Amino acid sequence: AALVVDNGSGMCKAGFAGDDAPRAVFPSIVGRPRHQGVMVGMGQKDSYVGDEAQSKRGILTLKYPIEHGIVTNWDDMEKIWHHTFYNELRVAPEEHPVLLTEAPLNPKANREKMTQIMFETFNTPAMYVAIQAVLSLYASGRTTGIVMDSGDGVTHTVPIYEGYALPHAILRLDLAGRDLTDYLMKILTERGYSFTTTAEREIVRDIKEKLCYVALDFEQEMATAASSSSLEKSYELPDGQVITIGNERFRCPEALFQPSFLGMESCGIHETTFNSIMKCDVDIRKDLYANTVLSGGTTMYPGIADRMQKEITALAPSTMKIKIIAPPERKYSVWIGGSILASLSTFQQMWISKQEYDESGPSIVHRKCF
Amino acid sequence: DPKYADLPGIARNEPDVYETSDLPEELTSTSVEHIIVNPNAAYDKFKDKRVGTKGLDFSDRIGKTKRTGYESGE
Amino acid sequence: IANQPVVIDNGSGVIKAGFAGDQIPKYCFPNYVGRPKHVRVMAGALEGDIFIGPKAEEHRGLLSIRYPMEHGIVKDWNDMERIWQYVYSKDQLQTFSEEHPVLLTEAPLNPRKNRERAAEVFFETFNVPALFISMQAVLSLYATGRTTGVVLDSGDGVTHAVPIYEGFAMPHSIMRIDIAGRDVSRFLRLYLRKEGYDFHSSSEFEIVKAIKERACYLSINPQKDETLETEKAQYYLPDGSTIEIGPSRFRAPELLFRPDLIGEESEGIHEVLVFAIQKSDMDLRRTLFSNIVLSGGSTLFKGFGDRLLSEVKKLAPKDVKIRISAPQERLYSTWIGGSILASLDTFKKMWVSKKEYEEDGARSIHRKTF
Amino acid sequence: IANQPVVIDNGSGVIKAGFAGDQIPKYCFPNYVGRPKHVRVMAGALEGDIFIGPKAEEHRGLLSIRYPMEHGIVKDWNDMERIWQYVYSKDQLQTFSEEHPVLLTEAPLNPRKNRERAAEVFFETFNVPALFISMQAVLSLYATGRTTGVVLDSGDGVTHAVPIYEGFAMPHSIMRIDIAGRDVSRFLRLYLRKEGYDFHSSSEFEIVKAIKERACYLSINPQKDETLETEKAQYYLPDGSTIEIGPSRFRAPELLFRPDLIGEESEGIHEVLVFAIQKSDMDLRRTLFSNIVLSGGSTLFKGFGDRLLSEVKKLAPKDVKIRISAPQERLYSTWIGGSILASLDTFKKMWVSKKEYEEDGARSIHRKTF
Ligand SMILES: Nc1ncnc2c1ncn2[C@@H]1O[C@H](COP(=O)(O)OP(=O)(O)NP(=O)(O)O)[C@@H](O)[C@H]1O
Ligand SMILES: Nc1ncnc2c1ncn2[C@@H]1O[C@H](COP(=O)(O)OP(=O)(O)O)[C@@H](O)[C@H]1O
Ligand SMILES: Nc1ncnc2c1ncn2[C@@H]1O[C@H](COP(=O)(O)OP(=O)(O)O)[C@@H](O)[C@H]1O
């Protein structure tokens, strides 16, 4: 009996260890109303969470507590965990031990405060933090190979050989799904369709998920998109109003491969994977080329694998064979790894108990990382 | 002055600028021996020193046994 | 053609016309068309059904005001063509659009269709020899006579902050908010109705604007002026009737610095300035704080600079010199900038000929914009 | 030749240039080419797309920094040639390259292709009368005024130790490692991200270099100070923001003594010095321990002499006199040596003439260079 709770900046995937899919999946967001001194009606909650905040977008100011995979507002983060445990899962944190997920090369303060809250506030019997990239290997049952776990906050590439990580080869990029949404809003406004407010930002994100796809040849696709109006598709808003996205449809995801558009002054996601392999040992490079895994929900763009294959192949040697591993279920690949690891009898020893926390302190999390 | 004197929508008898008040080790270690560099003295010491550059070739050529560049200062 | 260029400031409130040789804009009139309130089918009534500038001022009570431009965007193009035809009339300037070139002042981050359609009018409706659209923020710096400087241009339709260093405009740090002078007049009309003075007619909206322009002071401490009993300063209407403004005078513009009070989802005028500087590189941030320039008409409010300096100082880093160098002619700065730019020999290369527009197409205006 | 020879110290961090006989290098500027990343909009703005030396230092925020040479190996030759052109320009020496002979000072055990191409430029692009390339270690001895001594020259790009006895150099006992000052700056940046301070931009990396120089001490016992709670020493950034460096001050520079921290299979700086001596003949080993000369900027860390002497004493034989000598002008020692050697009449015979290069070619440089 154990709980797996992924602390994603976009979506919170929670469930019991051994389960195939997460039980409770909701957006990690807090919505507080823009209330004036004028009297309000009955059934009014001071702060809404998840589906409720998504339903009442009109009045509620939506503030993500996690910014670039870092918890900015810890008080709101506790309210997300409180809704997750008590309301969504319908389980006491005192009963089951909780498996948590961290991004690589995160600030040390996150682990320190994380463990304090779970043991002190929630009084959990045990808590273990795991690397998202390491868990995704358990989902694929592969000890060797690199993973490109691209989230809403950040994107990172962690190469692991025969279940041994190369810490020097780990690369972190702040470019992620949330930055793409803000880019799409700007270029849609230039077309004519203006989106300013927090509620409108969420509507544009829902539009992005439906229409946007990755082009194989960016210049040729834009040249063809300029010529013909076959790619131009219509989208119906919550209001009767209908919009035509046009050439901007496939323009948004290009920023991942060419960050110069957003102005990141960094290398593309395909260059990050290649650069990481170059930092890795010469012998194991062959196996990393053979096992390039794509993880997270930011790699669910249609035809991203086709563009990735072309770009990596160009960078890689001509003699070398480059194989990209893109399973249908990438979105829940990190959580499934957590469920498999938590289910494994070996992991039973890895749990940090309340007694161990009290004796050692919050510094115990830093010792039992890797 | 006459330019904005004619115009109606101009600031008159107001301050132009709104601004805030103007607000006004290893080389000294004991373990290492500290040397003062005097290039004039160094030149005088090495001034009359010469080298023999005849037959000079530092390169990784195998032929003709071992070589030592700069034979003498004769 | 060698003939002097005609500068036209595309202000949502008042259009400012004149030649590049002129030191000041000679012709400044409200940017709206006045039509009779009653729909006139019979003869012996007001003929033409178009009153612009002083003609509208003469028959103000009889006519109904409709602004063709909202938040720096043209809604009714037919009305705007009549206004631009009035710019090239016998009444104002009295010159041929075929002889003299034109310099336009388009707001930043507008839809591409608005820019393309605006250009089409001056080439198709008007047979202009040459046309050049320029950036409002850049022109303000030519007027002031400095290359480096932050330009906080608070207009009637739009408020935007552009940081420019050594004649380089950072496109990523630019911030635009729709809450401008026009909204304060709308909010004051609401507050005046809360005082017990109704302004039902569109003509009475101009009297709310007149009250704001005459009597509107920004308090340093709003709680002391709210607690203190007001003098209740009377304003005299053209008819002779008096209005007691009272606390509505100073507690109306508060929404510029605190728009969350009424319930408008925006940062605020003091916030947009600070954030725009924070986006820039660490090396330039200190120079941008030491060089701030106020532009637009919504800076003429009594005690604006005093309140702004205090609000910026609290947000800005400690022990940093903050110099807000306001000119006396903030309202007319943008047009003077255009006159200077047009006067420069570099402009000769900048503008696009009518013949080039006929051959190249519409795209021409986008490539030469920057 | 009547025209004085030009000394060019091609360092990874800063290039030191001047004429032979000069007491100190007159012209010292950073070794990188800065290109403007932001768009030029205004007329009268900064001219040129290339900024080198004090112009790049003044307007750093606008520019993107790019080092042409890494570990004493020219990566981009086009950029390196332009910097050598800058040395001769009106801002720097302001002299003709064809009139003055040149003295180049490269690091030991560099690739032959680098030396060959570097020389080609000074005979083909520049019509130099004669070129002589010299070793860094040999020049340091002319500055100190000693024929016998071990020269541990830890630079920004490369760290090497060359034992030389009474003028004689043992080429087989020379030890070279790529890890140098620039790697510690990158390694410190890793700790700043872990503490929670982001410095992504090429300009922000130069601030990290300034932070390293200001606040970093070398611990006598690393494990002791690592465990003990560190005082959070505050540093003020150019904009005004304060950062707490804390334990990263001493944990970052440790890389010099422990290359396993980054994960490179190389010897520590303390092992390089002793190992280089141990390779030398049994008779001379005691004299080489007696005559140890420190050089390079990477020895300027507080407690370098104390830590090095402790590490050398442990590795060195028992009952041996270990005297470590530090010139007061550690940074300028290499250049001063060049000026002293260049001023000598024996230097005339050492030259490779333009005519000699044209006849023999690349062979002449390999034959006459050491
Ligand atoms: N089918 C799709 N098409 C386009 N974009 C998508 C698609 N699916 C996901 N995304 C983008 O990817 C982002 C994150 O994916 P998501 O499905 O939230 O996985 P996630 O693991 O919850 N991310 P995180 O919140 O960091 O855990 C979304 O916010 C979208 O921008
Ligand atoms: N003296 C004043 N005091 C207060 N508000 C003023 C004053 N003069 C003008 N305004 C406000 O500013 C507006 C003028 O904006 P303006 O500077 O003409 O914009 P633009 O730069 O687009 O031409 C008016 O409509 C009014 O709302
Ligand atoms: N006070 C200091 N403390 C620590 N490191 C320093 C200090 N001053 C300079 N450095 C380091 O030394 C470098 C200078 O290297 P330098 O000796 O000039 O190179 P080279 O010998 O290759 O010409 C700087 O870039 C920096 O990394």
- Message: It is to be established whether one or more residues within region D:230-246 are touching a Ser or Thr at 6+ places or on another chain (Cβ under 9 Å), within 11 Å of another protein chain (Cβ to nearest Cβ) and not acidic (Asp, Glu).
- Response: yes
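Could you tell me whether any residue of region A:147-157 is crowded, with 17+ Cβ neighbours inside 10 Å, away from ligand 1 (no atom under 16 Å from the Cβ) and not aromatic (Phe, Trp, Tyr)?
Within region A:147-157, the first condition is being crowded, with 17+ Cβ neighbours inside 10 Å, and the residues that meet it are A:147-157.
Filter again for away from ligand 1 (no atom under 16 Å from the Cβ), leaving none.
Scanning region A:147-157 turns up no residue that is crowded, with 17+ Cβ neighbours inside 10 Å, away from ligand 1 (no atom under 16 Å from the Cβ) and not aromatic (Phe, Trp, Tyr).
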- Filter region D:1-33 for residues that are within 16 Å of ligand 3 (Cβ to nearest atom) and more than 25 Å from B:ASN40 (Cβ to Cβ) and give the result. D:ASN10, D:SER12, D:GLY13, D:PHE29, D:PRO30, D:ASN31, D:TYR32
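Determine whether region D:185-197 contains at least one residue that is under 30 Å from C:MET282 (Cα atoms) and in a strand (DSSP E or B).
Filtering region D:185-197 down to residues under 30 Å from C:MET282 (Cα atoms) leaves D:185-197.
Among the residues that remain, those that are also in a strand (DSSP E or B) are: none.
So far as region D:185-197 goes, no, none of its residues is under 30 Å from C:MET282 (Cα atoms) and in a strand (DSSP E or B).
Condition test on D:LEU190, is it outside the structural domain of D:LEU273 (by CATH), closer than 30 Å to A:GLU112 by Cβ and away from ligand 2 (no atom under 16 Å from the Cβ)?
Details: outside the structural domain of D:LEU273 (by CATH): yes; closer than 30 Å to A:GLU112 by Cβ: yes; away from ligand 2 (no atom under 16 Å from the Cβ): yes.
Considered against the rule, which asks whether it is outside the structural domain of D:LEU273 (by CATH), closer than 30 Å to A:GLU112 by Cβ and away from ligand 2 (no atom under 16 Å from the Cβ), D:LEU190 comes out as yes.
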- Query: Which of the residues spanning region C:1-34 are within 16 Å of ligand 2 (Cβ to nearest atom), charged (D, E, K, R) and not in a strand (DSSP E or B)?
  - Reply: C:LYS26
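May I ask you to say which residue of A:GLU265, A:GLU236, A:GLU311 is more than 16 Å from ligand 1 (Cβ to nearest atom) and on the phi > 0 side of the Ramachandran plot?
On inspection, the qualifying residue turns out to be A:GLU265.
Residues in region C:86-95: is at least one assigned to a loop (DSSP other than H, G, I, E, B) and outside the structural domain of C:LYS354 (by CATH)? Step through it out loud before you land on a result.
Residues of region C:86-95 assigned to a loop (DSSP other than H, G, I, E, B): C:88, C:90-92, C:94-95.
Among the residues that remain, those that are also outside the structural domain of C:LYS354 (by CATH) are: none.
No, region C:86-95 contains no residue that is assigned to a loop (DSSP other than H, G, I, E, B) and outside the structural domain of C:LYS354 (by CATH).
Residue by residue, here is whether (1) out of contact with any helix residue (DSSP H, G or I) (no Cβ under 6 Å at 6 or more places or on another chain); (2) assigned by CATH to the domain that holds D:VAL151 holds:
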| site | (1), (2) |
| --- | --- |
| D:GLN223 | yes, no |
| D:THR227 | yes, no |
| D:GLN234 | yes, no |
| D:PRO238 | no, no |
| D:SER241 | yes, no |
| D:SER248 | no, no |
| D:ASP260 | yes, no |
| D:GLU271 | yes, yes |
- Query: If A:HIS68 passes every condition in (1) within 14 Å of chain D (Cβ to nearest Cβ); (2) over 17 Å from the mean Cα position of the chain (by Cα); (3) within 16 Å of ligand 1 (Cβ to nearest atom) but one, which one does it miss?
  - Reply: (2)
- Message: If I filter region A:111-132 for residues that are closer than 22 Å to A:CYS12 by Cβ, crowded, with 22+ Cβ neighbours inside 10 Å and under 14 Å from the mean Cα position of the chain (by Cα), do I get at least one hit?
- Response: yes
- Which listed residue is more than 13 Å from chain B (Cβ to nearest Cβ), touching a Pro at 6+ places or on another chain (Cβ under 6 Å) and surrounded by 19 or more Cβ atoms within 10 Å (Cβ to Cβ), from D:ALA342, D:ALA276: D:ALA276
- Item | Subset tally (residues that are within 14 Å of another protein chain (Cβ to nearest Cβ) and away from ligand 1 (no atom under 16 Å from the Cβ)) for region A:158-198 | 18
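Every residue in region C:155-211 that is more than 14 Å from chain D (Cβ to nearest Cβ) and within 30 Å of D:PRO36 (Cα to Cα), please. Lay out the reasoning, then the answer.
Initial filter on region C:155-211 (more than 14 Å from chain D (Cβ to nearest Cβ)): C:155-161, C:175-211.
C:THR159, C:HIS160, C:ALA161, C:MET175, C:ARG176, C:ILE177 - these are the residues of region C:155-211 that are more than 14 Å from chain D (Cβ to nearest Cβ) and within 30 Å of D:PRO36 (Cα to Cα).
Given the condition more than 30 Å from C:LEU62 (Cα to Cα) and in contact with a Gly (Cβ under 7 Å, 6 or more places away or on another chain), answer yes or no: does some residue in region C:222-245 qualify? Step through it out loud before you land on a result.
Of the residues in region C:222-245, the ones more than 30 Å from C:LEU62 (Cα to Cα) are C:222-232.
Among the residues that remain, those that are also in contact with a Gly (Cβ under 7 Å, 6 or more places away or on another chain) are: C:230, C:232.
So far as region C:222-245 goes, yes, one or more of its residues are more than 30 Å from C:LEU62 (Cα to Cα) and in contact with a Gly (Cβ under 7 Å, 6 or more places away or on another chain).
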- Could you tell me whether any residue of region C:174-184 is out of contact with any strand residue (DSSP E or B) (no Cβ under 9 Å at 6 or more places or on another chain), in the same structural domain as C:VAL208 (by CATH) and crowded, with 21+ Cβ neighbours inside 10 Å? yes
- Item | Breaking point among (1) surrounded by 15 or more Cβ atoms within 10 Å (Cβ to Cβ); (2) farther than 17 Å from A:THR198 by Cα, for A:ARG32 | (2)
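Those residues that are buried (at least 16 other Cβ atoms within 10 Å of the Cβ) and over 17 Å from A:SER9 (Cβ atoms), I need them from region A:35-58; list them, please. Can you show your working first?
Within region A:35-58, the subset buried (at least 16 other Cβ atoms within 10 Å of the Cβ) is A:48-50, A:53-54, A:57.
Selection gives A:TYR48, A:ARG57.
Numbers and lists here come from the model and the stated rules, or from a named source; these are not laboratory values. Ideal geometry is used to build each Cβ from the backbone, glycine not excepted, and the neighbour counts take in all protein chains shown.
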